[PDB]
Novice: 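Take a look at the following structure, please.
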Amino acid sequence: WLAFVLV
Amino acid sequence: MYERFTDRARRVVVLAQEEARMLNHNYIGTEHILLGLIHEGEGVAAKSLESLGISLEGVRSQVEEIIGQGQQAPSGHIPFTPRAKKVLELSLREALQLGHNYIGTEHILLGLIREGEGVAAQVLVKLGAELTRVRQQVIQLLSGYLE
């Protein structure tokens, strides 16, 4: 969260 | 905040990345979230879009017309666009206001229409689904689930 899957 | 997403909503986000990858795209945009919502095929968002005549093929054709594919499929993590980030932020608020502590597929769809400006929104309008109509359809289906 919130740039990539799943960050 | 992904901890609050339902299993199916997480699957939509995971699938959105692969929708981008297989189109040789290097960002996950709102249109890939739209494709993922439809392609996962089970949740309230998929049902809502099917019930408005928005098909995976209709969306794919519009994405090819508006964006087009790259030359090579990327490896590794594909970043969200600014508008896709906004969609996922807004999803949290849609869920809270509808009385949910989890974020389901419907809330991602509602976030997408709330953002209302990126490629997915352009596609929906082009396919005949005005944003207010999409929202009201989601509400209509959710109301049927209260029976």
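Throughout, protein chains are lettered first and strands after them, A, B, ... in sequence-line order, and every chain is numbered starting at 1. Just so you know, these numbers use all the heavy atoms, side chains as well, and skip hydrogens, waters and symmetry mates.
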Novice: Closest approach of A:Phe4 and B:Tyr2, non-hydrogen atoms and distance?
Specialist: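 So the two residues come closest at O-OH, 3.2 Å.
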
Novice: Using heavy-atom distances under 4.5 Å, tell me whether B:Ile28 contacts chain A through its side chain, its backbone, both, or neither.
Specialist: side chain

Novice: Could you tell me the separation between the CE atom of B:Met1 and the CG atom of A:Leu6, rounded to the nearest 0.5 Å?
Specialist: 12.5 Å

Novice: Does B:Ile78 share a hydrophobic cluster with B:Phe80, counting links as ILVMFWY side-chain heavy atoms below 4.5 Å and allowing steps through other members?
Specialist: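 Yes, because B:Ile78 and B:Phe80 connect within a single hydrophobic cluster, where side-chain heavy atoms sit under 4.5 Å apart.
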
Novice: Would you kindly confirm whether B:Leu141 and B:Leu131 end up in one hydrophobic cluster when ILVMFWY residues are joined by side chain heavy atoms under 4.5 Å apart?
Specialist: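 B:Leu141 and B:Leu131: one cluster.
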
Novice: Closest heavy-atom contact between B:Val14 and A:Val5?
Specialist: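 So the two residues come closest at CG2-CG1, 3.9 Å.
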
Novice: For B:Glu3, look at atom CD and say whether over 12 heavy atoms of other residues, nucleotides or ligands are found less than 6.0 Å away.
Specialist: yes

Novice: Indicate if B:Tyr102 and B:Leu37 have the same hydrophobic cluster label, given that clusters are the connected sets of ILVMFWY residues with side-chain heavy-atom separations under 4.5 angstrom.
Specialist: no

